[PDB]
Engineer: 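Here it is, the structure in full.
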Amino acid sequence: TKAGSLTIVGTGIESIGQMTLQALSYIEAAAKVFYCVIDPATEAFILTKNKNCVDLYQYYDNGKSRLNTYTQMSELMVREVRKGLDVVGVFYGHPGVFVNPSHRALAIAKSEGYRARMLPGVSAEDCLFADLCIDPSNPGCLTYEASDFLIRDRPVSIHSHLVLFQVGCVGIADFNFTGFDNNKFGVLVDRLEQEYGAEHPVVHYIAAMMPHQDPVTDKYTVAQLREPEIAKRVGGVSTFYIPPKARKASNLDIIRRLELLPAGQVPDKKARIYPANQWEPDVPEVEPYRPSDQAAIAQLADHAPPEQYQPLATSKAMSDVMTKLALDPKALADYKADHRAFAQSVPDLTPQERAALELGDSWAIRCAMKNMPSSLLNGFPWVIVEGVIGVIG
Amino acid sequence: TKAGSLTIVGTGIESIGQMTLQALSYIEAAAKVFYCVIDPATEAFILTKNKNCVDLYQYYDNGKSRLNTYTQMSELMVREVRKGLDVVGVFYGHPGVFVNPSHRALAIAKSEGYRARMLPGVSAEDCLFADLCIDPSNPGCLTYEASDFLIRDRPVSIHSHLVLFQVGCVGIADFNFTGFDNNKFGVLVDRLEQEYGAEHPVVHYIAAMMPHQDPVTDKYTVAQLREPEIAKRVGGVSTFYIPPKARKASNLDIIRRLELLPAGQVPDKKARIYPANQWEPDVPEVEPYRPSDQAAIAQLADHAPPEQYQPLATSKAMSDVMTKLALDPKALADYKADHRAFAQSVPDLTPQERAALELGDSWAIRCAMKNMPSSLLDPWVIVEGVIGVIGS
Ligand SMILES: Nc1ncnc2c1ncn2[C@@H]1O[C@H](CSCC[C@H](N)C(=O)O)[C@@H](O)[C@H]1O
Ligand SMILES: Nc1ncnc2c1ncn2[C@@H]1O[C@H](CSCC[C@H](N)C(=O)O)[C@@H](O)[C@H]1O
């Protein structure tokens with residue numbers, strides 16, 4: 001009902017390319033854009049997309065409490081919302097991951113009755129999984145802010161992934177344009193030594209911020225983080241990844257209750273699905289082509305789509321409108337305001353395509369765009385299986 | 001050196017719009033595209049961008065081990081890599097987050113000496129943070145596969161976020177086109193009851209997969225997950241978010257070693273930065289405009305950029321080439337092959353812009369594109385988070 005909206009979007013980490021299509025489309029549609037980005041190529045890119053941009057980075061200052069900066073950044077965005085403008089806030093990475101002012105501005109906007117939405121983006125942790133070739137699923141992931149990790153004595157699991165953000169500003173509440181003397185870094189290393197031992201690997205991770213750069217994926221021992229030459233390499237964009245030290249055994253009660261029953265058949269806790277985490281100390285070599293793998297590959301020769309497989313069967317007109325709804329926020333708002341009026345003005349839709357848009361139901365749109373076989377009559381693509389379940393079945 | 005490459009990219013969760021610009025650019029540049037997506041609008045979008053696409057979803061079947069499907073998906077991609085083609089694999093969300101065949105195909109390609117890269121994408125957990133309006137930083141985040149959670153008895157922290165994926169197929173190794181009777185769901189609820197109590201909230205989260213849909217953000221008690229009508233709502237795209245039950249106290253030793261020293265000034269462990277996590281039980285209302293907030297806002301009237309602030313000062317030619325390097329993988333490969341030849345063929349660059357590209361160094365490119373004031377010269381600095389005890 002109320003005039004004025006706040007949409008907060010991300011740029012991702014790597015310059016320009018890690019922005020989502022929808023983030024770009026909201027930046028272009030905005031009446032005003034407020035941005036806080038790392039790299040000048042992303043900044044320049046944003047300014048080519050909207051004529052009314054404000055750099056939020058100017059509200060940092062030497063010795064200025066970051067909390068005061070964040071209150072100011074939030075208020076600049078919400079002031080424009082209250083004047084009835086469609087406002088877009090733009091932050092580095094995912095705009096909600098280790099970001100104070102986005103959450104603050106969205107909560108204020110929401111509480112005063114304005115439309116308020118955060119669109120997800122690619123985080124430094126998303127980059128970490130991709131560059132270190134690890135899956136948070138295998139074997140679970142603990143993610144902490146490094147100072148919070150220490151002050152609140154957050155628990156570590158030696159059996160799961162550990163990721164630490166803001167390791168380059170331990171205990172630091174303020175800002176400095178030339179970066180920080182991270183003098184309390186030794187307090188973090190002491191905790192890592194207690195939890196994992198002095199010989200356990202820590203990966204210094206820096207995602208490439210420009211398209212031509214390589215990531216930093218430097219493995220050090222906990223002990224090596226005490227060498228002054230190495231400690232000095234940790235900066236404001238540094239993240240730590242600590243791999244598991246050991247593998248956790250199966251709970252026989254759960255094995256029974258999940259009927260993975262022939263107990264002898266459950267893989268040894270040391271048995272891995274290819275590939276193994278290469279960062280783990282004493283990483284055993286895992287066979288990519290076991291007899292089960294070779295037999296599955298042998299079946300490819302005679303493979304045909306199962307009877308229940310639903311081939312795409314759509315039209316340019318339907319693909320075009322579904323693309324427009326994703327990439328044109330004004331078209332989306334019009335559609336959400338009046339499904340029927342919008343659907344009836346789309347040129348070249350089949351009667352089924354028109355009907356499907358009029359309803360808006362997932363099922364109607366899926367039947368309109370996929371041939372549903374008689375054999376078949378939500379989505380079900382699971383692309384991971386836990387090893388003990390997989391190897392048994 | 002070797003002909004043939006594997007790039008694995010994501011589509012994000014919400015149809016089309018949550019694909020990154022670089023994922024799209026690799027899908028367009030590929031010799032062959034293998035995709036596994038949820039929604040037909042994303043599938044149709046991909047097929048308009050490349051003429052040589054294969055749907056990997058056809059390798060699932062009723063009663064067929066998902067592990068066998070994943071071996072087949074991986075091998076289809078690596079076979080094309082081995083024949084010297086630039087292959088792009090496309091998976092929904094982040095292609096490395098709860099995805100077996102991406103990691104497998106990349107490891108095989110890498111081990112046989114081919115170029116192999118995963119590009120990050122927007123995960124269901126990225127969507128969860130955005131839609132539930134929570135920050136994994138406040139107060140830390142534990143992320144598990146629901147079956148792994150149970151079988152390996154993974155630890156919970158009652159003080160931090162808990163996220164559980166694949167809650168709709170507990171203990172299930174196979175596939176069914178019509179979905180599953182999630183009959184072992186009650187085993188997960190038993191564990192959540194032990195760890196948090198029967199009254200503690202669990203958020204049933206489903207990200208909107210189409211641009212017009214609303215997310216499902218339904219809060220239930222652990223006990224309510226036992227009602228058959230509610231348990232039945234949990235499906236293949238369901239994720240659980242379990243909020244913290246309590247707030248963790250500060251370690252006085254670390255307070256001393258980090259010189260947050262005037263101990264009386266450290267906020268009560270109950271004190272929160274606005275806003276509070278709305279999903280927490282007994283969430284105390286937090287004042288958005290404290291006297292400190294009002295004083296910071298009062299300072300906006302007389303605000304000027306600090307002297308050390310670096311205004312953007314670039315050219316169309318330089319912004320164009322930096323955009324081309326991000327959005328044109330063939331232009332990027334050419335640049336990476338020969339900085340100098342590439343830099344010297346870019347039209348309309350200033351001598352500084354040309355020199356900066358020739359070197360490739362971050363600093364050279366930053367000076368070329370930003371006015372660095374004398375005050376600054378006498379590292380990338382962008383910290384958008386501060387925890388409560390430090391900040392106050
Ligand atoms: N290029 C990079 N490589 C690795 N970690 C990075 C990074 N840039 C930022 N980070 C991490 O993020 C912290 C800043 S908090 C801002 C995070 C951003 N919203 C995101 O989605 O990731 C840094 O201290 C570091 O831990
Ligand atoms: N629309 C959606 N909303 C919430 N969770 C979802 C989802 N789609 C998938 N998921 C989660 O992802 C699991 C499949 S595993 C694949 C995850 C995907 N690679 C990603 O990046 O998120 C599901 O069981 C569920 O836990």
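Note on naming: letters A, B, ... go to the chains in the order of the sequence lines (proteins, then strands), and numbering restarts at 1 for each one.
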Engineer: Can you see which heavy atom on A:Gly96 is nearest to which on A:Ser102, and at what distance?
Structural biologist: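 Heavy-atom minimum between the residues: CA-OG, 4.2 Å.
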Engineer: Report yes or no: does B:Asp55 contribute a side-chain atom to a donor-acceptor pair with the main-chain N or O of B:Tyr57 at less than 3.5 Å?
Structural biologist: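 At least one qualifying donor-acceptor pair exists.
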Engineer: Would you say the ring centroid of B:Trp279 lies under 6.0 angstrom from that of B:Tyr205?
Structural biologist: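 No; B:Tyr205 has its ring centre 6.0 Å or more from that of B:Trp279.
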Engineer: Flag the pair B:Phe149 / B:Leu162 as yes when at least one side-chain heavy-atom distance between them is below 4.5 Å, and no otherwise.
Structural biologist: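 Yes, close enough: below the 4.5 Å cut-off.
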Engineer: Taking side-chain hydrogen bond (donor to acceptor under 3.5 Å, both in side chains) as the test, write out the residues that go with A:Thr48, two or more places apart.
Structural biologist: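 Residues passing side-chain hydrogen bond (donor to acceptor under 3.5 Å, both in side chains) with A:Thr48: none at all.
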Engineer: With sequence neighbours excluded, what pairs up with B:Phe165 under the ring-ring contact (aromatic ring centres under 6.0 Å, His included) test?
Structural biologist: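 For B:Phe165, the residues satisfying ring-ring contact (aromatic ring centres under 6.0 Å, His included) (neighbours in sequence not counted) are B:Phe98.
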Engineer: Might you work through the side chain to side chain contact (heavy atoms under 4.5 Å, CB included) test for A:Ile8 and A:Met77, ending with a clear yes or no?
Structural biologist: CA-CA 10 Å; A:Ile8 309 268; A:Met77 297 188 280; 3.9 Å; yes
Engineer: With sequence neighbours left out, what residues match A:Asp348 under side-chain hydrogen bond (donor to acceptor under 3.5 Å, both in side chains)?
Structural biologist: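 Expected list: none.
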Engineer: Minimum heavy-atom separation for B:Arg66 and A:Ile384, please, with both atom names.
Structural biologist: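 Heavy-atom minimum between the residues: NH2-O, 2.8 Å.
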Engineer: Identify the two heavy atoms, one from A:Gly390 and one from B:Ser65, that lie closest to each other, and give their separation to 0.1 Å.
Structural biologist: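 So the minimum-distance heavy-atom pair works out to O-OG, 4.3 Å.
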Engineer: Only counting residues at least two apart or in another chain, list the ones meeting side chain to side chain contact (heavy atoms under 4.5 Å, CB included) with B:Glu227.
Structural biologist: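 Per chain and number, B:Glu227 pairs via side chain to side chain contact (heavy atoms under 4.5 Å, CB included) with B:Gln224, B:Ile230.
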Engineer: Please confirm whether the backbone N or O of B:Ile16 pairs with a side-chain atom of B:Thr42, one donor and one acceptor, at under 3.5 Å?
Structural biologist: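 Such a contact is found between B:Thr42 side chain and B:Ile16 backbone.
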Engineer: Please check this pair: side chain of B:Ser74 against backbone of B:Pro101, looking for a donor-acceptor N/O pair closer than 3.5 Å.
Structural biologist: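 Judged by distance alone, yes, a pair lies under 3.5 Å.
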Engineer: Looking only at non-hydrogen atoms, find the nearest pair between B:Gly17 and A:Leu327 and report the distance.
Structural biologist: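 Nearest heavy atoms, B:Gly17 then A:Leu327: CA-CD2, 4.2 Å.
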Engineer: So A:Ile389 and B:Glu145, do their side chains get closer than 4.5 Å, heavy atoms only?
Structural biologist: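 When only atoms from C-beta onward are counted, A:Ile389 and B:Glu145 do not touch, as no gap falls below 4.5 Å.
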Engineer: Side chain to side chain donor-acceptor pair (under 3.5 Å): which pairs involve residues 171-185 of chain B, sequence neighbours left out?
Structural biologist: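 For residues 171-185 of chain B, and leaving out neighbouring residues, the side chain to side chain donor-acceptor pair (under 3.5 Å) pairs sorted by first residue read A:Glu259-B:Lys184, B:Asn176-B:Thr178.
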Engineer: Please tell me if the side chains of A:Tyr114 and A:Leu6 come closer than 4.5 Å, counting only heavy atoms from C-beta onward.
Structural biologist: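 They are not in contact (no side-chain heavy atoms under 4.5 Å apart), so the answer is no.
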Engineer: Answer yes or no: is there a donor N or O on one side and an acceptor on the other, between the side chain of B:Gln18 and the main chain of B:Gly93, under 3.5 Å?
Structural biologist: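 No: the side chain of B:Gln18 does not pair with the backbone of B:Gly93.
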Engineer: Given A:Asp86, which partner from the list A:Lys32, A:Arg115, A:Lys330 fulfils the salt bridge (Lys or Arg N to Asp or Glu O under 4.0 Å) test?
Structural biologist: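 Answer to the salt bridge (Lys or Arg N to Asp or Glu O under 4.0 Å) test with A:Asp86 among A:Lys32, A:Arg115, A:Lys330: A:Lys330.
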Engineer: Answer yes or no: is there a donor N or O on one side and an acceptor on the other, between the side chain of B:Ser25 and the main chain of B:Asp328, under 3.5 Å?
Structural biologist: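 Not a single qualifying donor-acceptor pair exists.
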Engineer: Verify the neighbour count for atom NZ of A:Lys324: are there more than 12 heavy atoms of other residues, nucleotides or ligands below 6.0 Å?
Structural biologist: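 Counting other residues, nucleotides and ligands, NZ of A:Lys324 stays at 12 neighbours or fewer.
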Engineer: Checking the side chain of B:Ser123 only, and the main-chain atoms of B:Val97 only, is there a donor and an acceptor separated by less than 3.5 Å?
Structural biologist: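 No, B:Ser123 side chain to B:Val97 backbone: no donor-acceptor pair under 3.5 Å.
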Engineer: Could I get the full list of side-chain hydrogen bond (donor to acceptor under 3.5 Å, both in side chains) partners for A:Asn50, not counting sequence neighbours?
Structural biologist: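 Once residues adjacent in sequence are excluded, A:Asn50 has no partner under the side-chain hydrogen bond (donor to acceptor under 3.5 Å, both in side chains) criterion.
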Engineer: Which pair of non-hydrogen atoms, one from A:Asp135 and one from B:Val99, has the smallest distance, and what is that distance?
Structural biologist: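 For A:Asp135 versus B:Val99, the nearest heavy atoms are OD2-N, 3.0 Å.
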Engineer: So, using ring-ring contact (aromatic ring centres under 6.0 Å, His included) as the criterion, who are the partners of B:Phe45 when residues are at least two apart?
Structural biologist: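 Applying ring-ring contact (aromatic ring centres under 6.0 Å, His included) to B:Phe45 gives none.
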Engineer: What's the spacing between B:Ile13 CD1 and B:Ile38 CD1 if we round to 0.5 Å?
Structural biologist: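 Spacing of CD1 (B:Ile13) from CD1 (B:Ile38) equals 7.0 Å.
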Engineer: Which residues pass the side-chain hydrogen bond (donor to acceptor under 3.5 Å, both in side chains) test with B:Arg233, not counting sequence neighbours?
Structural biologist: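 With sequence neighbours excluded, B:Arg233 shows a side-chain hydrogen bond (donor to acceptor under 3.5 Å, both in side chains) to B:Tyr220, given in chain and number order.
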Engineer: What's the verdict on side chain to side chain contact (heavy atoms under 4.5 Å, CB included) for B:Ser238 and B:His204, showing C-alpha distance, side-chain angles and the deciding distance?
Structural biologist: CA-CA 7 Å; B:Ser238 295; B:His204 181 214; 2.7 Å; yes
Engineer: Would you compute the distance between atom CG of A:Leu376 and atom CG of A:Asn371 and round it to the nearest 0.5 angstrom?
Structural biologist: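 Between A:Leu376 CG and A:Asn371 CG, I get 11.5 Å after rounding to 0.5 Å.
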Engineer: Is B:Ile46 close to B:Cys53 at the side-chain level, that is, under 4.5 Å between some pair of heavy atoms?
Structural biologist: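 Sidechains of B:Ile46 and B:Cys53: in contact.
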Engineer: Give the C-alpha distance, both sets of side-chain angles, the deciding distance and a yes or no for side chain to side chain contact (heavy atoms under 4.5 Å, CB included) between B:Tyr59 and A:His303.
Structural biologist: CA-CA 8 Å; B:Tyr59 293 94; A:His303 178 276; 3.4 Å; yes
Engineer: Could you tell me whether a side-chain N or O of B:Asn62 sits under 3.5 Å from a main-chain N or O of B:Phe177, the two making a donor and an acceptor?
Structural biologist: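 Judged by distance alone, yes, a pair lies under 3.5 Å.
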Engineer: Evaluate the ring planes of A:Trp382 and A:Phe380, with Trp represented by its six-membered ring, and classify them as parallel (under 30°), tilted (30 to 60°) or perpendicular (over 60°).
Structural biologist: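 Judged by the thresholds at 30° and 60°, the geometry between A:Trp382 and A:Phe380 is perpendicular.
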Engineer: About how many Å separate NE2 of B:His103 and SG of A:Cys133, when rounded to the nearest 0.5 Å?
Structural biologist: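 Reported value, rounded in 0.5 Å steps: 7.5 Å.
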Engineer: If the plane angle is over 60° it's perpendicular, under 30° parallel, otherwise tilted; pick one for B:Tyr60 and B:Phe175.
Structural biologist: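 Taking B:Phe175 first and then B:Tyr60, their aromatic rings lie parallel (interplane angle under 30°).
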Engineer: With side chain to side chain contact (heavy atoms under 4.5 Å, CB included) as the test, would you mind laying out the steps for B:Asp148 and A:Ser137 before giving the verdict?
Structural biologist: CA-CA 8 Å; B:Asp148 176 78; A:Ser137 75; over 6 Å; no
Engineer: Does B:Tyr92 have any ring-ring contact (aromatic ring centres under 6.0 Å, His included) partners at least two apart in sequence or in another chain, and if so, which?
Structural biologist: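 Per chain and number, B:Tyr92 pairs via ring-ring contact (aromatic ring centres under 6.0 Å, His included) with no residue.
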Engineer: Compare all side-chain heavy atoms of B:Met19 with those of B:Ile27 and state whether any distance is below 4.5 angstrom.
Structural biologist: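 Yes. Closest side-chain heavy atoms under 4.5 Å.
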Engineer: Donor-acceptor pairs under 3.5 angstrom involving side-chain atoms of residues 210-217 of chain B: please list them, not counting sequence neighbours.
Structural biologist:
| from | atom 1 | to | atom 2 | distance (Å) |
| --- | --- | --- | --- | --- |
| B:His212 | NE2 | A:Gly360 | O | 2.7 |
| B:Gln213 | OE1 | A:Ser362 | OG | 2.4 |

Engineer: Check whether any side-chain heavy atom of A:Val321 lies under 4.5 Å from a side-chain heavy atom of A:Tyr335, and answer yes or no.
Structural biologist: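 No, their side chains stay 4.5 Å or more apart.
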Engineer: Which atoms form the tightest heavy-atom contact between A:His94 and B:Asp126, and what is the distance?
Structural biologist: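 Nearest pair, atom of A:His94 first, then B:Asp126: NE2-O, 2.8 Å.
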Engineer: Any side-chain heavy-atom pair from B:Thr239 and B:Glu125 closer than 4.5 angstrom?
Structural biologist: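 Counting from C-beta outward, B:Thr239 and B:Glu125 never come under 4.5 Å.
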Engineer: Evaluate side-chain hydrogen bond (donor to acceptor under 3.5 Å, both in side chains) for B:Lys64 paired with A:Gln299, printing each intermediate quantity in order.
Structural biologist: CA-CA 12 Å; B:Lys64 180 174 180 180; A:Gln299 290 288 7; over 6 Å; no
Engineer: Measure the spacing between CZ of A:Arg340 and CD of A:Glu358 and express it to the nearest 0.5 Å.
Structural biologist: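 The CD atom of A:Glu358 is 5.0 Å from CZ of A:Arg340, to the nearest 0.5 Å.
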Engineer: Is there side-chain contact between B:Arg79 and A:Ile297, with at least one heavy-atom pair below 4.5 Å?
Structural biologist: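 Yes, close enough: below the 4.5 Å cut-off.
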Engineer: Which residues pass the ring-ring contact (aromatic ring centres under 6.0 Å, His included) test with B:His161, sequence neighbours left out?
Structural biologist: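 Per chain and number, B:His161 pairs via ring-ring contact (aromatic ring centres under 6.0 Å, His included) with B:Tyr241.
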Engineer: Excluding sequence neighbours, so at least two apart, what forms side chain to side chain contact (heavy atoms under 4.5 Å, CB included) with A:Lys370?
Structural biologist: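 Scan of A:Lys370 (side chain to side chain contact (heavy atoms under 4.5 Å, CB included), adjacent residues dropped) gives A:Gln310, A:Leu312, A:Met372, B:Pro40, B:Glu43.
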Engineer: Between the side chains of B:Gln278 and A:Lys110, is a donor N or O closer than 3.5 angstrom to an acceptor N or O?
Structural biologist: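 Side chains of B:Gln278 and A:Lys110: no pair found under 3.5 Å.
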Engineer: Please report the interatomic distance CD(A:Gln22) to OG1(B:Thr20), rounded to the nearest 0.5 Å.
Structural biologist: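 If we round to the nearest 0.5 Å, A:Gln22:CD and B:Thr20:OG1 are 12.0 Å apart.
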